[PDB]
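Heads up: the structure comes next, in structure tokens.
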Amino acid sequence: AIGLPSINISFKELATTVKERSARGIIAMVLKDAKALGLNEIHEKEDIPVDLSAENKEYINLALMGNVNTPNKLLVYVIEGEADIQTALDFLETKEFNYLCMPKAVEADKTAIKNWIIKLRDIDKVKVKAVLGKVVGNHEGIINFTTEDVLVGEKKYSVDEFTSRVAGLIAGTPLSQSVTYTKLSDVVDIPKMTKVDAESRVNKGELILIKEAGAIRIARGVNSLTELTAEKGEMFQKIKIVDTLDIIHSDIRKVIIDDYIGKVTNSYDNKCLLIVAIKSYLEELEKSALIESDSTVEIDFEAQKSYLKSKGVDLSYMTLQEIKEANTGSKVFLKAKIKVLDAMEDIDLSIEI
Amino acid sequence: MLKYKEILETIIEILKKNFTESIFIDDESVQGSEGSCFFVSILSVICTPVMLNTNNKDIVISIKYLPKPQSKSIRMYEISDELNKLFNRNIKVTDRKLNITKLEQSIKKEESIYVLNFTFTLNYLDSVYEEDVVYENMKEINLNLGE
Amino acid sequence: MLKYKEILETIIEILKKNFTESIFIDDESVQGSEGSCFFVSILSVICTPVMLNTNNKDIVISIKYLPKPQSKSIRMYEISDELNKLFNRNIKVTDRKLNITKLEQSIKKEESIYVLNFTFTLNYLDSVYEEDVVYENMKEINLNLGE
Amino acid sequence: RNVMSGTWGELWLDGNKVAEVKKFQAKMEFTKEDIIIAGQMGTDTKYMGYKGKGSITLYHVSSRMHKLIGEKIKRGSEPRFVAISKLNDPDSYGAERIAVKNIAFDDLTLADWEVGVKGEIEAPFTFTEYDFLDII
Amino acid sequence: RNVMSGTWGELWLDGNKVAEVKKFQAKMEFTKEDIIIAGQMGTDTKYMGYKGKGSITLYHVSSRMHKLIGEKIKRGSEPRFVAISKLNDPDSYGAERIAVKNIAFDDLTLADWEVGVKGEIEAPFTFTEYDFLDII
Amino acid sequence: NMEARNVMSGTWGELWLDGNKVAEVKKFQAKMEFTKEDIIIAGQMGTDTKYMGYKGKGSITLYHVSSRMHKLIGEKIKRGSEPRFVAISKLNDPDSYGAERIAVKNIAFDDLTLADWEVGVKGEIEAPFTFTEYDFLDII
Amino acid sequence: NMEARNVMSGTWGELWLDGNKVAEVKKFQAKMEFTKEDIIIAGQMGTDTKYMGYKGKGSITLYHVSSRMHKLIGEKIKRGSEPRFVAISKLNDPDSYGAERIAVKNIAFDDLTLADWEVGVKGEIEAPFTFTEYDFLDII
């Protein structure tokens, strides 16, 4: 309640920082060890669990280095030496994150991780990505880094172990910039690779390292997706575009799921109202120059058509307006078109004498 | 909505309470009566749509007094005042009050005898019927974005 | 175009479904009936050209109720509401919906008895017939230019 | 062929459906300047901008406008709204919807009545940008 | 649903009930300035204030306005009043009241009559602030 | 970012003169006039200037509600002593990004208006002044 | 060739000041005033002139959205140091033949407006300046 009148002056030196962490970027790591079991968030270096082994310390320290800014937060999950990955994955479903990597792993477990990521992205429509060692997956949510025998310091780090540094570097990059041609100071040397083989390897869709210009740098920022459908775009291979799109998709959830799920009748008028709300949200993002102008939001005609054909509806002799007016039970189909600017990666200069 | 039968019943009940002479709705009974009978009918109804779901109604209600015995015109002039005293501002029909916009009265001779004709108009807004489909609440919202 | 016979048939069918009393179109049958018969007719049609190929039509449709037996005026007032319940906004004739601009109803005495007269107007645009000559596509175009 | 009748008109204002609405109207007026070019009798014009104008007319069923803008107008901050108009005549083939954004109202009518007359309220407004849904 | 009819209207002026009143009307008109922003075709507006305007119409039953303001107008001091308007139609669900404050009248009508015509007086006025009672 | 509502309006300003708030204020204006001399440098066609100082000027206009301006300086001026005042102007528009406040110091007035009236016209008094210093308080 | 639509409109311009885009800009103007001396040559009635140099002048007018002009020079002017800025103006009308861009260098301002407001009037700030050099970029 009321106390005696108080005058207190506080002196604090809030100047103890360098290479400040970005607001965005969350990395989740799952590990096998005998101690410190459970989730142990790591905000910075000073708060590191002491009971961990040397290998886990090395992996965490590798993951603690960014490109320009350090990652916002680290969620380290520790599992016992003999355990299945399903329990850790189900526990991580509750938590939210951007990237997931596991330094020590086997061939069979990578299949489970890839399957989980695909199911989460498609069935549940939650946009997360994982960085994996040698997976040949054909999905935009999978990143495979396929160079071996990286010499950081005096140790021949394995590819799976260096996926941690890859994930940290990816998380550290700001939104405006990309991860192409970024130099790694720590790395010393790479096993020999000819230029044409590296070009073909990255064309297949891979994350690699090459020695070009002054020092070692990442060849390209492509994804694992290697084939393009009519609906899918060529811009979906770039990591930066996918990251921005997933940020936007996660942000629109506070508009969609918070209010329009379970609280509003599913009628075409309410669909139009929701479309207007989404467009008005996109205008603000356009005004901040995050995306390009002229972004349109409208009803997904083809998916609605497919769902209507799934049930007992004769799609013939129906007006397009009649198709759009149809009540699709308790599900809503929407489609948006937005554009994201890529970074400068190719230059063609012609000089006339 | 509001039914015309209820309005007619309400007016007939008011006249029954306030007057001792009989009230009839049809011509044959007033013809067969011995004298001094009333007559109540709804003259006309006009419906105009002012909004999507509502109409505007103007109803003209006619009250007639036909005194058969001789030298009852003074009774007609007495009855005019008592009729005037009742229908001043509004009437209540089925827990709803309807305004009375204007009153009109005329004394004219019909066939061989003079009669009194008392009329007034009611104005109110009323809603047409419609059938509305029921939808269940939104549960799953799919949004896929591309180029 | 749209035929008046179809409109009359549609209205007659609606009345047949919703009412038990007989429906007649000619005066002789309603005269010969024993009591409580309907009467349906098209009162007037006005055609005005608003465009080169289209006309504007206003059709007034009349429904009559003539209760012959004594003490059926209350039945008339009951039937008024049921008629009102059907013709609110529009009717569907030959997969085409025609608006109902306004409703009108009046209770007047004809000959020796009182009758109910229910009317409403339909408004829609309709196209006149024309014959168009068919031409073949252009195949050869000659253009000669000089001073 | 039939022309759409205005009886089948619905209006959404600020995400709430306006049950009573007599008419709705929105227009864009262009700004042009006369330019005279040497050697030509006919005078040409250059398009330099546009203005959005419109109005609503609704019956005085409730005090909607006051609850919308009254206190904020006194405080000194002017609110902006979004209105949606839908016109769907069953006789016509299709429907039409328009979204009008950045609406600002010209005036407020506290009270207006007369003996024997049902109350009506009309409020003009000015807008900047529009978006089109379900184009015929 | 019914719309309130103006027959059920009452007015209180300066704390006295006005028995004879044909109509009452009060409105707030906003002040806006056109602003053109570089790079945009549409023109926007900035709100700068408002004005209060209204009028009354009442039968010439008595000499109310003179007893109100006549001598003070000549003396050189202008009085201000408060008016209350109530609209309660029994058919409608609820009532509505408004308090209009700081009223100043535009003119005074000493006498006006014509052969075969009942006298009517209408007096416009301007107000500054309003307060709301019994919102619907 | 830029929008019409963000533009500040003059109705929302206020002015403190000598520590007392002035309510009957119509407009307030302050400005600083720099002094620059033309300098021609050999080999260059474009002339260039050198900055040497500044001069401060302004004015206040207010409704003639009361005889405020007389009580400040009327008796002091005749005796031969000139007073110096301090004025603070605050512009706080709810729509704009906050408010800006400025203090103008060492104000000396240019003239005194004993009387000014005309039949059928409301009264107003405008007084120009000159200053030397200023502070920034809560600038946007 | 010549048509009404080809005329450039001022609504489509934009201005960068010191590398930061200014969105609340109303008008921008720059000009060069040549210096010419009259010379009378024997035997000819018509007088002829000799060109000696030029002087650059201009001004910027912008809505009073924020206190941008103070933060640039307010504290530096009092201390005795004068800053120099660079402005870029781009005029891009879709109907006209492309766009023209010009950089105006060595800009020095003439005055600073501490405060200017009046009741019922929107605020505006105009600042004149002088320059010495310029570049042509993407001239039509």
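As shown in the structure tokens, the chain order sets the letters A, B, ...; within each chain, residues go from 1, and ligands are also counted from 1 in the order they appear.
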message: Excluding residue 13 (chain E) and its own-chain neighbours fewer than 3 positions away, which residues fall within 9 Å of it when counting only C-alpha atoms? Please give them as a list in words.
response: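 Selected residues are residues 16, 17, 18, 81, 82, 83, 84 and 85 of chain E.
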field: Selection: 8 Å around residue 119 (chain D), only C-alpha atoms, excl. self and same-chain fewer than 4 positions, as a ChimeraX atom specification
entry: /D:59-60,112-114 /E:3-6
Expected file: the selected residues, N, CA and C atoms, as a PDB file, in the first residue's frame:
ATOM      1  N   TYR D  59     -32.254   6.363 -42.880  1.00  0.00           N
ATOM      2  CA  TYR D  59     -33.298   6.753 -41.949  1.00  0.00           C
ATOM      3  C   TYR D  59     -32.730   6.898 -40.541  1.00  0.00           C
ATOM      4  N   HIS D  60     -33.392   7.726 -39.739  1.00  0.00           N
ATOM      5  CA  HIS D  60     -32.929   8.012 -38.382  1.00  0.00           C
ATOM      6  C   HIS D  60     -33.439   6.949 -37.408  1.00  0.00           C
ATOM      7  N   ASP D 112     -32.725  16.593 -35.991  1.00  0.00           N
ATOM      8  CA  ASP D 112     -33.517  17.220 -37.046  1.00  0.00           C
ATOM      9  C   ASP D 112     -34.854  16.503 -37.115  1.00  0.00           C
ATOM     10  N   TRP D 113     -35.941  17.216 -36.828  1.00  0.00           N
ATOM     11  CA  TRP D 113     -37.261  16.605 -36.870  1.00  0.00           C
ATOM     12  C   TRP D 113     -38.313  17.669 -37.144  1.00  0.00           C
ATOM     13  N   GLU D 114     -39.471  17.207 -37.609  1.00  0.00           N
ATOM     14  CA  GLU D 114     -40.592  18.074 -37.936  1.00  0.00           C
ATOM     15  C   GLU D 114     -41.877  17.292 -37.719  1.00  0.00           C
TER      16      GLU D 114
ATOM     17  N   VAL E   3     -39.343   3.967 -37.664  1.00  0.00           N
ATOM     18  CA  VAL E   3     -38.534   5.177 -37.621  1.00  0.00           C
ATOM     19  C   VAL E   3     -39.284   6.227 -36.819  1.00  0.00           C
ATOM     20  N   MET E   4     -38.570   6.922 -35.935  1.00  0.00           N
ATOM     21  CA  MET E   4     -39.213   7.908 -35.078  1.00  0.00           C
ATOM     22  C   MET E   4     -39.851   9.013 -35.909  1.00  0.00           C
ATOM     23  N   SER E   5     -41.099   9.328 -35.586  1.00  0.00           N
ATOM     24  CA  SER E   5     -41.830  10.412 -36.222  1.00  0.00           C
ATOM     25  C   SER E   5     -41.610  11.697 -35.438  1.00  0.00           C
ATOM     26  N   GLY E   6     -41.564  12.819 -36.151  1.00  0.00           N
ATOM     27  CA  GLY E   6     -41.265  14.080 -35.501  1.00  0.00           C
ATOM     28  C   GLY E   6     -42.426  14.693 -34.751  1.00  0.00           C
TER      29      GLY E   6
END
field: strand (DSSP E or B) residues, from DSSP on the backbone, in region 179-284 of chain A, as a VMD selection string
entry: chain A and resid 183 187 207 209 to 212 215 to 218 222 238 265
Let's have the selection written as a short mmCIF file (atom, residue, chain, number, x, y, z; two decimals), in the first residue's frame, with N, CA, C and O atoms.
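Writing the result to part-v3.cif gives the following:
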data_model
loop_
_atom_site.label_atom_id
_atom_site.label_comp_id
_atom_site.auth_asym_id
_atom_site.auth_seq_id
_atom_site.Cartn_x
_atom_site.Cartn_y
_atom_site.Cartn_z
N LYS A 183 32.13 -13.97 -46.56
CA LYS A 183 33.39 -14.59 -46.18
C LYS A 183 33.32 -15.15 -44.76
O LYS A 183 32.71 -14.56 -43.87
N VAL A 187 37.21 -20.27 -41.10
CA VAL A 187 37.60 -21.39 -41.94
C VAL A 187 38.98 -21.15 -42.54
O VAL A 187 39.32 -20.02 -42.91
N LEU A 207 24.09 -26.43 -51.04
CA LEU A 207 24.78 -25.35 -50.34
C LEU A 207 26.24 -25.75 -50.17
O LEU A 207 26.53 -26.76 -49.51
N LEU A 209 30.72 -24.38 -50.39
CA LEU A 209 31.73 -23.36 -50.15
C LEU A 209 32.76 -23.42 -51.27
O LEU A 209 33.10 -24.50 -51.76
N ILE A 210 33.26 -22.25 -51.67
CA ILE A 210 34.29 -22.15 -52.70
C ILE A 210 35.31 -21.10 -52.29
O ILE A 210 35.05 -20.23 -51.46
N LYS A 211 36.49 -21.19 -52.90
CA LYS A 211 37.55 -20.22 -52.71
C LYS A 211 37.55 -19.27 -53.90
O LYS A 211 37.98 -19.64 -55.00
N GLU A 212 37.08 -18.05 -53.68
CA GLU A 212 37.01 -17.05 -54.74
C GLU A 212 37.42 -15.70 -54.18
O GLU A 212 37.11 -15.37 -53.03
N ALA A 215 39.12 -14.73 -50.12
CA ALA A 215 39.06 -15.82 -49.14
C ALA A 215 37.89 -16.73 -49.48
O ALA A 215 37.36 -16.69 -50.60
N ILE A 216 37.50 -17.57 -48.53
CA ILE A 216 36.42 -18.53 -48.73
C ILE A 216 35.08 -17.83 -48.55
O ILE A 216 34.93 -16.94 -47.70
N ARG A 217 34.10 -18.22 -49.36
CA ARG A 217 32.79 -17.59 -49.32
C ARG A 217 31.76 -18.58 -49.83
O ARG A 217 32.09 -19.56 -50.51
N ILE A 218 30.50 -18.32 -49.50
CA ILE A 218 29.40 -19.18 -49.92
C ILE A 218 29.10 -18.92 -51.38
O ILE A 218 28.99 -17.76 -51.82
N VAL A 222 20.89 -20.65 -52.77
CA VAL A 222 19.76 -21.41 -53.29
C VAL A 222 19.18 -22.33 -52.22
O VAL A 222 19.79 -22.52 -51.16
N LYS A 238 15.32 -19.05 -53.86
CA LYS A 238 16.15 -18.17 -53.05
C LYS A 238 15.71 -18.20 -51.59
O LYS A 238 14.52 -18.21 -51.28
N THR A 265 -19.48 -16.12 -38.65
CA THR A 265 -20.17 -17.02 -39.55
C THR A 265 -19.49 -17.03 -40.91
O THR A 265 -19.01 -16.01 -41.40
#
message: I'd like the contact shell of residue 34 (chain G) - 8 Å cut-off, only C-alpha atoms, skipping same-chain residues fewer than 4 positions apart - returned as number ranges by chain.
response: G: 51-55
Output file for the selection above: N, CA, C and O atoms, as a PDB file, in the first residue's frame:
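Dumped to part.pdb:
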ATOM      1  N   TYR G  51      29.946  38.811 -70.760  1.00  0.00           N
ATOM      2  CA  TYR G  51      29.563  37.920 -69.672  1.00  0.00           C
ATOM      3  C   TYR G  51      30.742  37.720 -68.729  1.00  0.00           C
ATOM      4  O   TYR G  51      31.844  37.384 -69.169  1.00  0.00           O
ATOM      5  N   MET G  52      30.505  37.919 -67.434  1.00  0.00           N
ATOM      6  CA  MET G  52      31.570  37.872 -66.441  1.00  0.00           C
ATOM      7  C   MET G  52      31.415  36.777 -65.399  1.00  0.00           C
ATOM      8  O   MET G  52      32.418  36.367 -64.812  1.00  0.00           O
ATOM      9  N   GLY G  53      30.204  36.301 -65.141  1.00  0.00           N
ATOM     10  CA  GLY G  53      30.018  35.261 -64.145  1.00  0.00           C
ATOM     11  C   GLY G  53      28.546  35.009 -63.923  1.00  0.00           C
ATOM     12  O   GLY G  53      27.684  35.586 -64.591  1.00  0.00           O
ATOM     13  N   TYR G  54      28.266  34.129 -62.964  1.00  0.00           N
ATOM     14  CA  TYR G  54      26.895  33.774 -62.635  1.00  0.00           C
ATOM     15  C   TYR G  54      26.736  33.649 -61.128  1.00  0.00           C
ATOM     16  O   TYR G  54      27.704  33.425 -60.400  1.00  0.00           O
ATOM     17  N   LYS G  55      25.495  33.803 -60.674  1.00  0.00           N
ATOM     18  CA  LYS G  55      25.122  33.637 -59.279  1.00  0.00           C
ATOM     19  C   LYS G  55      23.930  32.696 -59.198  1.00  0.00           C
ATOM     20  O   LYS G  55      22.985  32.814 -59.983  1.00  0.00           O
TER      21      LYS G  55
END
field: Shell of 10 Å around residue 135 (chain B), only C-alpha atoms, local chain residues under 6 positions omitted, as JSON, numbers by chain
entry: {"A": [264, 265, 266, 267, 327, 328, 329, 330]}
field: Exercise: residue 30 (chain G) partners within 10 Å, only C-alpha atoms, chain neighbours under 5 positions left out, as a list in words
entry: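 Those residues are residues 56, 57, 58, 59, 60, 89, 104, 128, 129, 130 and 131 of chain G.
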Counting only C-alpha atoms, which residues of chain G sit at most 12 Å from some atom of chain D, and what is each one's closest atom pair with its distance in Å to one decimal, listed by chain and rising residue number, as a tab-separated table?
residue	atom	partner	partner_atom	distance
G:1	CA	D:37	CA	11.4
G:2	CA	D:37	CA	8.0
G:3	CA	D:37	CA	7.7
G:4	CA	D:46	CA	5.8
G:5	CA	D:46	CA	5.6
G:6	CA	D:46	CA	8.7
G:7	CA	D:46	CA	7.9
G:8	CA	D:46	CA	9.7
G:9	CA	D:48	CA	7.0
G:10	CA	D:48	CA	9.0
G:11	CA	D:48	CA	7.9
G:12	CA	D:48	CA	10.0
G:93	CA	D:48	CA	10.7
G:94	CA	D:48	CA	11.8
G:95	CA	D:46	CA	10.1
G:96	CA	D:46	CA	11.5
How would the residues just chosen look if you wrote them out with N, CA and C atoms as a short mmCIF file (atom, residue, chain, number, x, y, z; two decimals), in the first residue's frame?
data_model
loop_
_atom_site.label_atom_id
_atom_site.label_comp_id
_atom_site.auth_asym_id
_atom_site.auth_seq_id
_atom_site.Cartn_x
_atom_site.Cartn_y
_atom_site.Cartn_z
N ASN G 1 4.11 15.33 -82.73
CA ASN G 1 5.12 15.46 -81.69
C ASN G 1 4.56 16.17 -80.46
N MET G 2 4.40 17.49 -80.57
CA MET G 2 3.89 18.28 -79.45
C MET G 2 2.46 17.88 -79.13
N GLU G 3 2.19 17.67 -77.84
CA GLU G 3 0.85 17.34 -77.37
C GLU G 3 0.70 17.83 -75.94
N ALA G 4 -0.56 17.98 -75.52
CA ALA G 4 -0.82 18.49 -74.18
C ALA G 4 -0.29 17.56 -73.10
N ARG G 5 -0.44 16.25 -73.30
CA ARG G 5 -0.04 15.28 -72.28
C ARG G 5 1.46 15.31 -72.01
N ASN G 6 2.26 15.80 -72.96
CA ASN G 6 3.71 15.76 -72.79
C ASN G 6 4.21 16.74 -71.74
N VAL G 7 3.39 17.71 -71.34
CA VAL G 7 3.82 18.71 -70.38
C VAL G 7 4.01 18.07 -69.01
N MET G 8 5.14 18.35 -68.38
CA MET G 8 5.43 17.78 -67.07
C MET G 8 4.56 18.42 -65.99
N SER G 9 4.18 17.61 -65.01
CA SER G 9 3.37 18.05 -63.89
C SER G 9 4.20 18.03 -62.62
N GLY G 10 3.98 19.02 -61.75
CA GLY G 10 4.78 19.14 -60.55
C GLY G 10 4.47 18.11 -59.49
N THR G 11 3.31 17.45 -59.58
CA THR G 11 2.94 16.44 -58.60
C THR G 11 3.90 15.25 -58.61
N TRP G 12 4.63 15.05 -59.70
CA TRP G 12 5.46 13.87 -59.88
C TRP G 12 6.92 14.09 -59.50
N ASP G 93 7.38 12.26 -64.85
CA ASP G 93 5.99 12.21 -65.27
C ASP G 93 5.78 11.06 -66.23
N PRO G 94 4.83 10.15 -65.96
CA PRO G 94 4.63 9.02 -66.88
C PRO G 94 4.29 9.42 -68.30
N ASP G 95 3.57 10.53 -68.49
CA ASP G 95 3.17 10.93 -69.83
C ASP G 95 4.33 11.55 -70.61
N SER G 96 5.21 12.28 -69.94
CA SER G 96 6.27 12.99 -70.63
C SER G 96 7.37 12.02 -71.08
#
Can you list, as an mmCIF file with C-alpha atoms, in the first residue's frame, every residue of region 60-133 of chain B that DSSP puts in alpha helix (DSSP H)?
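Result went into result.cif, see below:
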data_model
loop_
_atom_site.group_PDB
_atom_site.id
_atom_site.type_symbol
_atom_site.label_atom_id
_atom_site.label_comp_id
_atom_site.auth_asym_id
_atom_site.auth_seq_id
_atom_site.Cartn_x
_atom_site.Cartn_y
_atom_site.Cartn_z
ATOM 1 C CA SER B 73 -79.690 12.799 -36.697
ATOM 2 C CA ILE B 74 -79.037 14.597 -33.411
ATOM 3 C CA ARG B 75 -77.907 11.212 -32.099
ATOM 4 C CA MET B 76 -75.474 11.068 -35.025
ATOM 5 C CA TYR B 77 -74.084 14.480 -34.083
ATOM 6 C CA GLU B 78 -73.711 13.306 -30.479
ATOM 7 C CA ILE B 79 -71.942 10.120 -31.602
ATOM 8 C CA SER B 80 -69.464 12.073 -33.731
ATOM 9 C CA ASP B 81 -67.960 13.688 -30.618
ATOM 10 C CA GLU B 82 -67.646 10.385 -28.752
ATOM 11 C CA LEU B 83 -65.927 8.825 -31.761
ATOM 12 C CA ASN B 84 -63.593 11.829 -31.914
#
As a short mmCIF file (atom, residue, chain, number, x, y, z; two decimals) with C-alpha atoms, in the first residue's frame, please: the residues near region 57-72 of chain C (cut-off 7 Å, only C-alpha atoms, same-chain neighbours under 3 positions excluded).
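Output saved as selection.cif:
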data_model
loop_
_atom_site.label_atom_id
_atom_site.label_comp_id
_atom_site.auth_asym_id
_atom_site.auth_seq_id
_atom_site.Cartn_x
_atom_site.Cartn_y
_atom_site.Cartn_z
CA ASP B 26 -71.17 -7.24 -43.43
CA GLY C 35 -69.77 -19.50 -53.42
CA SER C 36 -66.28 -18.40 -52.32
CA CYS C 37 -64.51 -18.31 -55.68
CA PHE C 38 -61.45 -16.39 -56.85
CA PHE C 39 -60.94 -14.36 -60.02
CA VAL C 40 -57.60 -13.63 -61.70
CA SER C 41 -56.99 -11.28 -64.62
CA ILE C 42 -54.37 -8.94 -66.07
CA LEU C 43 -55.66 -5.40 -65.69
CA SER C 44 -53.43 -3.34 -67.98
CA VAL C 45 -50.09 -3.43 -69.79
CA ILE C 46 -48.03 -0.36 -70.74
CA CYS C 47 -45.10 -0.63 -73.16
CA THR C 48 -42.57 2.17 -73.61
CA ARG C 75 -62.84 -15.05 -44.05
CA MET C 76 -62.03 -12.24 -46.49
CA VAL C 115 -65.64 -7.86 -52.63
CA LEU C 116 -61.89 -7.81 -52.02
CA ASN C 117 -59.58 -6.53 -54.76
CA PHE C 118 -55.86 -7.31 -54.49
CA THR C 119 -53.52 -5.80 -57.10
CA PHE C 120 -49.80 -5.40 -57.70
CA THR C 121 -47.53 -4.26 -60.52
CA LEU C 122 -44.59 -6.01 -62.20
CA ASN C 123 -41.75 -4.08 -63.83
CA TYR C 124 -39.20 -5.54 -66.24
CA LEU C 125 -37.38 -4.79 -69.48
#
- prompt: Skipping near chain neighbours, those fewer than 4 positions away, what residues fall within 8 Å of residue 87 (chain D) using only C-alpha atoms, listed as number ranges by chain?
  reply: D: 4, 6, 8-10, 95-97
May I have the residues from that selection written out with N, CA, C and O atoms, as a compact mmCIF listing (two decimals), in the first residue's frame?
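Below is the file again_2.txt, written as the result:
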# COMPACT_ATOMS: atom_id res chain seq x y z
N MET D 4 -30.17 -3.25 -63.37
CA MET D 4 -30.21 -3.46 -61.93
C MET D 4 -31.06 -2.41 -61.24
O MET D 4 -30.94 -1.21 -61.51
N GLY D 6 -32.19 -0.49 -57.70
CA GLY D 6 -31.49 -0.11 -56.49
C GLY D 6 -32.12 -0.63 -55.21
O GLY D 6 -31.58 -0.37 -54.13
N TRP D 8 -32.12 -3.64 -54.30
CA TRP D 8 -31.20 -4.66 -53.81
C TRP D 8 -29.83 -4.05 -53.56
O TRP D 8 -28.84 -4.34 -54.25
N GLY D 9 -29.77 -3.20 -52.55
CA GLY D 9 -28.52 -2.55 -52.20
C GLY D 9 -28.18 -2.69 -50.73
O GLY D 9 -29.04 -2.45 -49.87
N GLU D 10 -26.94 -3.06 -50.43
CA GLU D 10 -26.49 -3.23 -49.06
C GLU D 10 -25.20 -2.46 -48.85
O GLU D 10 -24.38 -2.34 -49.76
N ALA D 95 -23.29 -9.83 -59.73
CA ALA D 95 -23.28 -8.82 -58.69
C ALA D 95 -22.07 -7.90 -58.85
O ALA D 95 -21.20 -8.11 -59.69
N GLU D 96 -22.04 -6.85 -58.03
CA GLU D 96 -20.97 -5.86 -58.07
C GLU D 96 -20.70 -5.35 -56.66
O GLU D 96 -21.63 -5.04 -55.92
N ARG D 97 -19.42 -5.27 -56.30
CA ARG D 97 -19.00 -4.78 -55.00
C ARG D 97 -17.86 -3.79 -55.17
O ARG D 97 -17.04 -3.94 -56.08
Enumerate, in order of chain and increasing residue number, the residues of chain B with an atom no farther than 12 Å from chain D, each with its shortest atom pair and distance in Å to one decimal, counting only C-alpha atoms, as CSV.
residue,atom,partner,partner_atom,distance
B:48,CA,D:7,CA,11.4
B:49,CA,D:7,CA,8.1
B:50,CA,D:22,CA,7.2
B:51,CA,D:22,CA,6.5
B:52,CA,D:7,CA,5.8
B:53,CA,D:19,CA,8.9
B:54,CA,D:20,CA,9.3
B:55,CA,D:7,CA,11.5
B:56,CA,D:118,CA,11.5
B:89,CA,D:116,CA,11.8
B:99,CA,D:116,CA,9.9
B:100,CA,D:116,CA,10.0
B:101,CA,D:116,CA,7.3
B:102,CA,D:116,CA,9.7
B:123,CA,D:116,CA,10.6
B:124,CA,D:118,CA,10.4
B:125,CA,D:118,CA,10.8
task: Find the residues of chain D in contact range of chain A, meaning any atom within 9 Å when counting only C-alpha atoms, and list them as number ranges by chain.
output: D: 15, 84, 93-95, 99, 131, 133-134
